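S.K.: Got a structure here, written out as structure tokens. Questions coming.
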Amino acid sequence: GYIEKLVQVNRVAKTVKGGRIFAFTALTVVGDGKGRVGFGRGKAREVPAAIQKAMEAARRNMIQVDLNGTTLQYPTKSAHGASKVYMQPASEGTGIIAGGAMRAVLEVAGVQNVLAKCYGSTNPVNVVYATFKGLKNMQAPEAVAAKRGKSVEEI
RNA sequence: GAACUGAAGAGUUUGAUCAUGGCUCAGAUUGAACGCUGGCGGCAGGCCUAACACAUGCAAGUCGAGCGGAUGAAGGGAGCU
């Protein structure tokens, strides 16, 4: 029941005494499609081995994002290493308006109605980190009331 | 009651990477022009340049119930008929 999406497949290389060796790196994002999400990387000599190594690595590193329900709660901005990302909640109906690098993350994480924009560098590995940090730091209203020691009357 | 609901990125420096950084593209539009093609209708638009020169025809006339003269009928009377 885990929906898996491929963000990118990249061909990296290193040089040795005589010629070069080719390695394929793939980064994928996994999640239940409602409340769970996880991303991982994997390097292997071949693409069928490469995309697979990312699979277990993604499923082993997942969190619990606290969505408002079919959408995100509050407009937030998250950054990780010269990759700035802004995401804003949207009303029912509008699709996933986000870059293809992060569009997989929101769509897999269960978000279906959101407005997002990438600022700064658009490296797919780093933007995935940025949106992940924003989604992880997401706070539902009852949690904020617990921090301030009040009811949901703070709204 | 409504006058708002709104934001995508990609390619390209390297053996390969991250960043910075420029270039190019995917969009909307036009009083548009060119090429290929071409059935109709509604609505609209149509010298953006030489405020260059203009043939031709019209685009500012009207009032006789303001005024003077001319043209001077209908209708009647006469030579001839």
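The way I read the labels, and the way they are meant: chains A, B, ... in the order of the structure tokens, residue 1 as the first residue of every chain, and ligand 1 as the first ligand shown, with later ones counted on from there.
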Based on DSSP run over this structure's backbone, return all residues of chain A in strand (DSSP E), as a ChimeraX atom specification.
M.R.: /A:3-15,20-31,36-44,62-64,76-79,83-89,96-97,114-120
S.K.: Please identify all polymer residues within 8 Å of stretch 12-27 of chain B, counting only C-alpha atoms (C1' of nucleotides), omitting same-chain residues fewer than 6 positions from it, and present them as an NGL selection string.
M.R.: :A and (12-15 or 20 or 82)
S.K.: For the residues in the current selection, export C-alpha atoms as an mmCIF file, in the first residue's frame.
M.R.:
data_model
loop_
_atom_site.group_PDB
_atom_site.id
_atom_site.type_symbol
_atom_site.label_atom_id
_atom_site.label_comp_id
_atom_site.auth_asym_id
_atom_site.auth_seq_id
_atom_site.Cartn_x
_atom_site.Cartn_y
_atom_site.Cartn_z
ATOM 1 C CA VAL A 12 27.985 9.871 -11.500
ATOM 2 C CA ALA A 13 31.540 8.741 -12.160
ATOM 3 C CA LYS A 14 34.931 8.421 -10.499
ATOM 4 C CA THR A 15 38.316 8.022 -12.165
ATOM 5 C CA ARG A 20 36.511 5.734 -15.511
ATOM 6 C CA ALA A 82 21.033 27.277 -0.605
#
S.K.: Which residues are near residue A:9? Cut-off 9 Å, only C-alpha atoms (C1' of nucleotides), ignore same chain within fewer than 2 positions. Put them as a VMD selection string.
M.R.: chain A and resid 6 to 7 11 24 to 27 47 50 to 51
S.K.: Deliver the residues from the most recent selection as a file, using C-alpha atoms, as a short mmCIF file (atom, residue, chain, number, x, y, z; two decimals), in the first residue's frame.
M.R.:
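Final output, selection.cif:
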data_model
loop_
_atom_site.label_atom_id
_atom_site.label_comp_id
_atom_site.auth_asym_id
_atom_site.auth_seq_id
_atom_site.Cartn_x
_atom_site.Cartn_y
_atom_site.Cartn_z
CA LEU A 6 11.12 8.32 -8.73
CA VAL A 7 12.49 11.86 -8.50
CA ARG A 11 24.96 9.03 -13.64
CA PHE A 24 24.06 5.34 -11.06
CA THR A 25 22.50 7.31 -8.20
CA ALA A 26 18.72 7.47 -7.75
CA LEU A 27 16.69 9.32 -5.12
CA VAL A 47 19.83 1.38 -12.71
CA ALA A 50 20.14 1.70 -8.15
CA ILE A 51 16.43 2.49 -7.89
#
S.K.: Within 10 Å of chain B, which residues of chain A show up when using only C-alpha atoms (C1' of nucleotides), listed as a PDB file with N, CA and C atoms, in the first residue's frame?
M.R.:
ATOM      1  N   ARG A  11      23.776   9.818 -13.308  1.00  0.00           N
ATOM      2  CA  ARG A  11      24.957   9.031 -13.644  1.00  0.00           C
ATOM      3  C   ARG A  11      26.196   9.771 -13.154  1.00  0.00           C
ATOM      4  N   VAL A  12      26.754   9.317 -12.037  1.00  0.00           N
ATOM      5  CA  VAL A  12      27.985   9.871 -11.500  1.00  0.00           C
ATOM      6  C   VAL A  12      29.137   8.966 -11.915  1.00  0.00           C
ATOM      7  N   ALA A  13      30.354   9.477 -11.756  1.00  0.00           N
ATOM      8  CA  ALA A  13      31.540   8.741 -12.160  1.00  0.00           C
ATOM      9  C   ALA A  13      32.717   9.118 -11.277  1.00  0.00           C
ATOM     10  N   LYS A  14      33.655   8.186 -11.152  1.00  0.00           N
ATOM     11  CA  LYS A  14      34.931   8.421 -10.499  1.00  0.00           C
ATOM     12  C   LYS A  14      36.028   7.824 -11.366  1.00  0.00           C
ATOM     13  N   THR A  15      37.207   8.434 -11.320  1.00  0.00           N
ATOM     14  CA  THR A  15      38.316   8.022 -12.165  1.00  0.00           C
ATOM     15  C   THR A  15      39.312   7.193 -11.368  1.00  0.00           C
ATOM     16  N   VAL A  16      39.844   6.155 -12.005  1.00  0.00           N
ATOM     17  CA  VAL A  16      40.870   5.305 -11.428  1.00  0.00           C
ATOM     18  C   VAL A  16      42.010   5.178 -12.434  1.00  0.00           C
ATOM     19  N   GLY A  19      40.905   4.620 -17.401  1.00  0.00           N
ATOM     20  CA  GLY A  19      39.484   4.753 -17.638  1.00  0.00           C
ATOM     21  C   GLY A  19      38.732   5.294 -16.436  1.00  0.00           C
ATOM     22  N   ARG A  20      37.407   5.262 -16.553  1.00  0.00           N
ATOM     23  CA  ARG A  20      36.511   5.734 -15.511  1.00  0.00           C
ATOM     24  C   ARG A  20      35.469   4.662 -15.230  1.00  0.00           C
ATOM     25  N   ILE A  21      34.941   4.678 -14.010  1.00  0.00           N
ATOM     26  CA  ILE A  21      33.887   3.758 -13.598  1.00  0.00           C
ATOM     27  C   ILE A  21      32.603   4.569 -13.492  1.00  0.00           C
ATOM     28  N   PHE A  22      31.489   3.966 -13.892  1.00  0.00           N
ATOM     29  CA  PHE A  22      30.203   4.646 -13.893  1.00  0.00           C
ATOM     30  C   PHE A  22      29.313   4.072 -12.798  1.00  0.00           C
ATOM     31  N   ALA A  23      28.727   4.955 -11.996  1.00  0.00           N
ATOM     32  CA  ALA A  23      27.778   4.567 -10.966  1.00  0.00           C
ATOM     33  C   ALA A  23      26.502   5.377 -11.131  1.00  0.00           C
ATOM     34  N   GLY A  81      20.649  24.331   2.701  1.00  0.00           N
ATOM     35  CA  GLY A  81      21.804  24.435   1.833  1.00  0.00           C
ATOM     36  C   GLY A  81      21.544  25.128   0.512  1.00  0.00           C
ATOM     37  N   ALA A  82      21.257  26.428   0.563  1.00  0.00           N
ATOM     38  CA  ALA A  82      21.033  27.277  -0.605  1.00  0.00           C
ATOM     39  C   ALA A  82      19.832  26.843  -1.430  1.00  0.00           C
ATOM     40  N   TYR A  86       9.053  27.541  -0.442  1.00  0.00           N
ATOM     41  CA  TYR A  86       7.872  28.128   0.173  1.00  0.00           C
ATOM     42  C   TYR A  86       6.656  27.299  -0.206  1.00  0.00           C
ATOM     43  N   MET A  87       5.867  26.908   0.792  1.00  0.00           N
ATOM     44  CA  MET A  87       4.639  26.164   0.559  1.00  0.00           C
ATOM     45  C   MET A  87       3.488  26.840   1.288  1.00  0.00           C
ATOM     46  N   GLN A  88       2.333  26.884   0.621  1.00  0.00           N
ATOM     47  CA  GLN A  88       1.167  27.577   1.130  1.00  0.00           C
ATOM     48  C   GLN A  88      -0.057  26.685   0.972  1.00  0.00           C
ATOM     49  N   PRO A  89      -0.934  26.620   1.972  1.00  0.00           N
ATOM     50  CA  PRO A  89      -2.166  25.840   1.817  1.00  0.00           C
ATOM     51  C   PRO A  89      -3.063  26.434   0.742  1.00  0.00           C
ATOM     52  N   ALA A  90      -3.844  25.570   0.102  1.00  0.00           N
ATOM     53  CA  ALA A  90      -4.743  25.975  -0.963  1.00  0.00           C
ATOM     54  C   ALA A  90      -6.116  25.356  -0.740  1.00  0.00           C
ATOM     55  N   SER A  91      -7.131  25.994  -1.317  1.00  0.00           N
ATOM     56  CA  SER A  91      -8.496  25.512  -1.167  1.00  0.00           C
ATOM     57  C   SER A  91      -8.700  24.225  -1.957  1.00  0.00           C
ATOM     58  N   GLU A  92      -9.846  23.588  -1.728  1.00  0.00           N
ATOM     59  CA  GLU A  92     -10.135  22.313  -2.369  1.00  0.00           C
ATOM     60  C   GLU A  92     -10.272  22.487  -3.876  1.00  0.00           C
ATOM     61  N   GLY A  93      -9.635  21.593  -4.628  1.00  0.00           N
ATOM     62  CA  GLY A  93      -9.802  21.554  -6.067  1.00  0.00           C
ATOM     63  C   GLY A  93      -8.531  21.737  -6.867  1.00  0.00           C
ATOM     64  N   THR A  94      -7.731  22.740  -6.518  1.00  0.00           N
ATOM     65  CA  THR A  94      -6.494  22.992  -7.238  1.00  0.00           C
ATOM     66  C   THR A  94      -5.508  21.858  -6.997  1.00  0.00           C
ATOM     67  N   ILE A  96      -1.572  19.893  -7.448  1.00  0.00           N
ATOM     68  CA  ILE A  96      -0.280  20.098  -6.806  1.00  0.00           C
ATOM     69  C   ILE A  96       0.494  21.079  -7.675  1.00  0.00           C
ATOM     70  N   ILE A  97       0.538  22.338  -7.251  1.00  0.00           N
ATOM     71  CA  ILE A  97       1.306  23.366  -7.968  1.00  0.00           C
ATOM     72  C   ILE A  97       2.661  23.434  -7.275  1.00  0.00           C
ATOM     73  N   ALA A  98       3.595  22.628  -7.772  1.00  0.00           N
ATOM     74  CA  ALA A  98       4.932  22.572  -7.204  1.00  0.00           C
ATOM     75  C   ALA A  98       5.891  22.050  -8.259  1.00  0.00           C
ATOM     76  N   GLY A  99       7.180  22.284  -8.030  1.00  0.00           N
ATOM     77  CA  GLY A  99       8.187  21.796  -8.944  1.00  0.00           C
ATOM     78  C   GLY A  99       8.255  20.283  -8.960  1.00  0.00           C
ATOM     79  N   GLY A 100       8.653  19.749 -10.117  1.00  0.00           N
ATOM     80  CA  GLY A 100       8.663  18.305 -10.289  1.00  0.00           C
ATOM     81  C   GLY A 100       9.552  17.597  -9.285  1.00  0.00           C
ATOM     82  N   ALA A 101      10.568  18.294  -8.777  1.00  0.00           N
ATOM     83  CA  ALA A 101      11.436  17.703  -7.766  1.00  0.00           C
ATOM     84  C   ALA A 101      10.684  17.476  -6.459  1.00  0.00           C
ATOM     85  N   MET A 102       9.914  18.470  -6.016  1.00  0.00           N
ATOM     86  CA  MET A 102       9.145  18.318  -4.787  1.00  0.00           C
ATOM     87  C   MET A 102       7.721  17.840  -5.020  1.00  0.00           C
ATOM     88  N   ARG A 103       7.193  17.974  -6.241  1.00  0.00           N
ATOM     89  CA  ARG A 103       5.823  17.542  -6.508  1.00  0.00           C
ATOM     90  C   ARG A 103       5.610  16.097  -6.083  1.00  0.00           C
ATOM     91  N   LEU A 115       0.121  25.094  -2.747  1.00  0.00           N
ATOM     92  CA  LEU A 115       0.873  25.984  -3.623  1.00  0.00           C
ATOM     93  C   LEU A 115       2.301  26.058  -3.105  1.00  0.00           C
ATOM     94  N   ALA A 116       3.265  25.737  -3.965  1.00  0.00           N
ATOM     95  CA  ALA A 116       4.663  25.675  -3.569  1.00  0.00           C
ATOM     96  C   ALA A 116       5.540  26.352  -4.613  1.00  0.00           C
ATOM     97  N   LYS A 117       6.694  26.844  -4.164  1.00  0.00           N
ATOM     98  CA  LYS A 117       7.655  27.499  -5.039  1.00  0.00           C
ATOM     99  C   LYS A 117       9.066  27.240  -4.531  1.00  0.00           C
ATOM    100  N   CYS A 118       9.998  27.055  -5.462  1.00  0.00           N
ATOM    101  CA  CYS A 118      11.403  26.842  -5.140  1.00  0.00           C
ATOM    102  C   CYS A 118      12.177  28.137  -5.345  1.00  0.00           C
ATOM    103  N   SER A 121      18.807  27.499  -5.320  1.00  0.00           N
ATOM    104  CA  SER A 121      19.170  26.336  -6.113  1.00  0.00           C
ATOM    105  C   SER A 121      18.010  25.355  -6.195  1.00  0.00           C
ATOM    106  N   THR A 122      17.914  24.661  -7.326  1.00  0.00           N
ATOM    107  CA  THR A 122      16.883  23.657  -7.535  1.00  0.00           C
ATOM    108  C   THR A 122      17.490  22.266  -7.733  1.00  0.00           C
ATOM    109  N   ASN A 123      18.461  21.902  -6.907  1.00  0.00           N
ATOM    110  CA  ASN A 123      18.985  20.548  -6.913  1.00  0.00           C
ATOM    111  C   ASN A 123      17.940  19.604  -6.329  1.00  0.00           C
ATOM    112  N   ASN A 126      18.533  18.388  -2.774  1.00  0.00           N
ATOM    113  CA  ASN A 126      18.493  19.382  -1.707  1.00  0.00           C
ATOM    114  C   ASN A 126      17.092  19.935  -1.481  1.00  0.00           C
TER     115      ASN A 126
END
S.K.: Need the shell around stretch 59-70 of chain A: protein/DNA/RNA residues with any atom at most 9 Å away, counting only C-alpha atoms (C1' of nucleotides). Skip same-chain ones fewer than 2 positions apart. Format as a PyMOL selection string?
M.R.: chain A and resi 29-31+34-40+54-57+72-74+92+109-113+135-141
S.K.: Would you please give, as a VMD selection string, all residues of chain A that DSSP assigns to alpha helix (DSSP H) based on the backbone?
M.R.: chain A and resid 47 to 59 100 to 108 124 to 136 141 to 148
S.K.: Just how far from atom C1' of residue B:11 is atom CA of residue A:83, in Å to one decimal?
M.R.: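 Between these atoms lies a distance of 19.4 Å.
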